[PDB]
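As structure tokens, the next two blocks hold two forms of the same chain, structure 1 and structure 2.
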Structure 1
């Protein structure tokens, strides 16, 4: 059961609102679009197809009715342009801001481009939303905001130094959100995502996340590379857990706003465990080498999600094996 969550989605079904999703053509965005359209919401979407894909939009369309898709207004455009930000904001109740350039290695090769989309574009959306006086604003933050802080599990109040240009960008997101609360009274919720996975996560390109990458590699019969001894560990968070936290945040009482929340399960899985999980799941529906640790890699990562549970009534009910079970058939179809 997902019960404050069930009650809210029930309520959305009876009383549609207007939502903005930036990054709507992307992994998390397109999953939010699918859920909102099935709740019969009115969705305004923004994307420049930098890392996102028309084919994601095309997939959502074949999963919703004609009438539900008629409530989707898609604008191809860039959050780095303030005018565009202000146009897509007209009439909007709830902002779900997911548009960013993720990937730590990307940000090291080209910090300029990562800065402009993740800081400039983020500020544009935050400032448009504040001017338009939307009901809520929730943005994608990042567990890389923990930086070099040694605590584990990671608790929201205790962060360290950021370790890459990417991490600076997501941290600045939070500090700006905080300043906007203070200066204009505009209260927002930042969501520190941890290793999100599930359908429509891109398995291609140099920056592919491990789950999609390894899944694609298993299905092609290509080498699955483990960086290190394999005892490195993550709190992998199935996509529905994130959808859940986004909707809970858009509809949070005022006292829950101007807050950061970890979004994860609270569990740790090793790379050695993961590899066996993926393989075991793929091989029910049909069809490895060790190398150097990646440089400047975090050894172990795990969220404390107590704050989300207590203040938003989050239930992290989809754990990693269930998540892989649910994600694997989408990869099988996509790759074949």
Structure 2
């Protein structure tokens, strides 16, 4: 049971609010959309369809009622444009900021456009929210910001040298949010996501994440490549745990704001054992090569989620094996 999360969702159903989700047509954003509409929230969505898709919006339309879909206003637009940010902020109570161009290799190859979307666009959105006096502000940050700190598990207070432009941009979101608390009284929550996965995570394109990438390949019968020796390890985190942490953050008591939380489950899986689990799960639904290390890439990752457990009553419920089992049916339909 996710008991605090249950309570807060009950509050929201009784007294519905207006939410802004940026990055709404993406993986996490469209999952957030799905959950908030199922709670009868009024949602304003902003996306530029850079890495996101019209079809993710279509899918969510089919998963919620007509009345629930009638409360969603989608705005095609770009967080880089301050005017657009100010416009979509109007009457908003809660901000969930997911719009960014992710990927560590992407930041290395084009630190410029990435800087514009992940720093300028984050600040545009943070400033507009402040000026609009929204009730809350929760933004996607990154475990990549631990960088080369060798300690396991990772605790929020202790970060190393950033190994990529992506690590920098997400770090800078954190520092702007802390300064906004200091200088305007404007209190936010940054969510350091660790390797999120699940439905509507894009399997296609040069930057696809390992889980949908591999699922896609295992299904096609293609080669499954491993960047390095496969001992590189991660805390894979099923999207529902992320959806919990956003909603808990949006309604956090004030003393729990102006903080950073790890968002994960606390487990460590190497690339090797994941190759296993994925094959296993897909094969129950009836259907290997080493290359060099990926540069900028973090070696090992396991979160410590005590802080979120403590301060927000976060209850991570779905672990890597069940999450894969929950996701593979989606990948089949989508890729059939």
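Residue numbers count along the first chain shown, from 1. We call the rigid core whatever largest set of C-alpha positions still superposes within 1.5 Å between the two forms.
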Only one of 297, 67, 310, 58 shifts its Cα by 2 Å or more between structures 1 and 2 once the rigid core is superposed, namely 297
Here the CA of residue 270, compared between structures 1 and 2 on the core, is shifted in angstrom by 1.3
After superposing on the rigid core, the Cα of residue 38 moves between structures 1 and 2 by an amount in angstrom of 0.3
For residue 228, the CA shift between structures 1 and 2 after fitting the core, in Å, is 2.4
